[PDB]
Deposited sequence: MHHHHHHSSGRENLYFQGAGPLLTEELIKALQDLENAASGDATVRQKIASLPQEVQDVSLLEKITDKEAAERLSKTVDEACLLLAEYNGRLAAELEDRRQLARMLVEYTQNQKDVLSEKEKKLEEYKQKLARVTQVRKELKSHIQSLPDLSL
């Protein structure tokens, strides 16, 4: 459970992103603004933009998939954290109860130690 929660936290940390984002950011506005198509008046220009558009579709699809998967991992971690927190609360209150019991036990043993110091004087 603890081992599982650690693996999840490490994985998420290790899942580059910034590089793919920068690649997408560097796309020119002509790939996403259909009002600019009127500037295309020959097939050479159309073909240049078409290549750029194709790359953009691949980059965004790959990246959107990656991001969506990370959200899923985060929702899963969130569920694991809530469950682990509820279990720790229960363990904590159990241990609080136990510490009181052991303090009482030590006080009884101390009472025996004290009373034995006196009892031993009455013996041969």
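Residues 1 to 22, 38 to 39, 149 to 152 of the deposited sequence have no C-alpha coordinates in the structure.
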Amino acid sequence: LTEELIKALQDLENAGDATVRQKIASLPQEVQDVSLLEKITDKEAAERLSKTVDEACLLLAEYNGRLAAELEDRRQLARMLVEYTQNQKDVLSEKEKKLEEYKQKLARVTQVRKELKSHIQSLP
From here on, numbers count along this sequence of modelled residues.
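Across the two stretches, 52 to 60 and 83 to 91, the PDB entry reports the greater mean Cα temperature factor for 83 to 91. The stretch 68 to 76 shows the higher mean C-alpha B-factor when 27 to 35 is compared against 68 to 76 in the entry.
In the PDB entry, the Cα temperature factor peaks, among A107, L116, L12, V20, at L12.
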